[PDB]
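S.K.: piece number one of the complex, untouched:
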Amino acid sequence: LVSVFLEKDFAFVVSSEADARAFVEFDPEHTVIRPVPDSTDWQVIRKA
């Protein structure tokens, strides 16, 4: 059994824009999206 709640930064990997969008398909009501052109992706950052 593990149940921890996380409110912090999400460091990521080089994914495509479509793969980032498909990752954040379930996310967008619990998070903030920020695009990174240097890694050509997005970054999800989820709240409490």
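M.R.: Thanks, I have the structure now. Numbers count the residues shown, from 1 in each chain, chains lettered A, B, ... in the order given.

S.K.: contacts, neighbours, all on C-alpha from now
M.R.: OK.

S.K.: where's residue A:8 relative to residue A:16, distance?
M.R.: According to CA to CA, to the nearest Å, residue A:8 stands 23 Å off from residue A:16.

S.K.: Please say which of the two ends up with more neighbours.
M.R.: Set residue A:8 next to residue A:16 and count neighbours by other CA atoms under 10 Å: residue A:16 wins out with 13 against 10.

S.K.: Tell me how far the most centrally placed residue in chain A lies from residue A:2.
M.R.: For chain A, the residue nearest the mean C-alpha position is residue A:44 (2.1 Å; CA atoms, centre = their mean). Per CA to CA, residue A:44 is found 22 Å from residue A:2.

S.K.: do the same with residue A:36
M.R.: Taking CA to CA as the measure, residue A:36 falls 31 Å from residue A:2.

S.K.: and residue A:33, what does it touch?
M.R.: Counting by CA atoms under 8 Å, 6 or more residues apart in numbering, residue A:33 touches A:42-45.

S.K.: attach chain B to the model above:
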Amino acid sequence: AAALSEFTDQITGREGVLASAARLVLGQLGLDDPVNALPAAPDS
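M.R.: Putting chain B together with the chains above:
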């Protein structure tokens, strides 16, 4: 005399100061979205 290690050290400390400020200063970034590709396809 490869100085690139301490160059990355001062860049990492600088970006750490950035990440220290950025979340409690409530300066929201990444509020933009690439939209222009979406209406360009029904135009074509």
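
S.K.: so, the contacts of residue A:33 revisited with chain B in the model?
M.R.: Contacts for residue A:33 (CA atoms under 8 Å, 6 or more residues apart in numbering or on different chains) come out as A:42-45, B:30-31.

S.K.: Report the buried residues of the helix or strand harbouring it.
M.R.: Assigned by DSSP states H and E, residue A:33 belongs to strand A:31-36. For strand A:31-36, the neighbour count (16 or more other CA atoms under 10 Å in any protein chain shown) marks A:32-35 as buried.

S.K.: Could you give the separation of it from the chain centroid?
M.R.: 7 Å (CA atoms, centre = their mean, to the nearest Å).

S.K.: That one pairs with which strands?
M.R.: strand A:41-46 (antiparallel) (DSSP bridges).

S.K.: List of residues touching the partner strand?
M.R.: Contacts of strand A:41-46 (CA under 8 Å, 6+ apart): A:6-12, A:14-17, A:20-21, A:24, A:27, A:30-36.

S.K.: Assign residue B:16 to helix, strand or coil.
M.R.: What DSSP: H, G, I helix; E, B strand; the rest coil gives for residue B:16 is helix.

S.K.: Sequence for chain C below, add it please:
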Amino acid sequence: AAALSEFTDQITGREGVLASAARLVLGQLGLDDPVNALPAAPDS
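M.R.: Now chain C, sitting on the chains shown earlier:
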């Protein structure tokens, strides 16, 4: 006039300055360990 919100705001900003420094200053903390309970049982 409940001021406890901004009290926690300045405490959180202060601790954020702490956490900003603490990992790149390489000031290692938590290097101690509670040892004393371990030899106290074979003594007893």
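
S.K.: please look at the contacts of residue A:33 again, because chain C has been put in.
M.R.: Shown in contact with residue A:33 (CA under 8 Å, 6+ apart): A:42-45, B:30-31.

S.K.: Residue A:16 touches residue A:36, doesn't it?
M.R.: No. Applying CA atoms under 8 Å, one finds residue A:16 not in contact with residue A:36, separated by 10.7 Å.

S.K.: if we can go back for a sec, would CSV of the contacts of residue A:33 with distance to chain C be doable?
M.R.: CSV is the format used below for these (distance: CA to the nearest CA, whole Å):
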residue, distance to chain C
A:42, 25
A:43, 22
A:44, 22
A:45, 19
B:30, 22
B:31, 24
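
S.K.: Sort out which of those are buried, if you could.
M.R.: The neighbour count (16+ other CA under 10 Å) marks A:42-45 as buried among the contacts of residue A:33.

S.K.: Spell out which parts of chain B neighbour chain C.
M.R.: Neighbours of chain C within chain B, by CA under 8 Å from any CA of the partner chain: B:13, B:16-17, B:20, B:24.

S.K.: Name the nearest residue to the closest residue to chain C within chain B, ignoring sequence neighbours.
M.R.: Evaluated by CA to the nearest CA, chain B has residue B:20 as its residue closest to chain C, separated by 5.5 Å. Nearest residue to residue B:20 in three dimensions, chain neighbours excluded: residue C:20, at 5.5 Å (CA to CA, 6 or more residues apart in numbering or on different chains).
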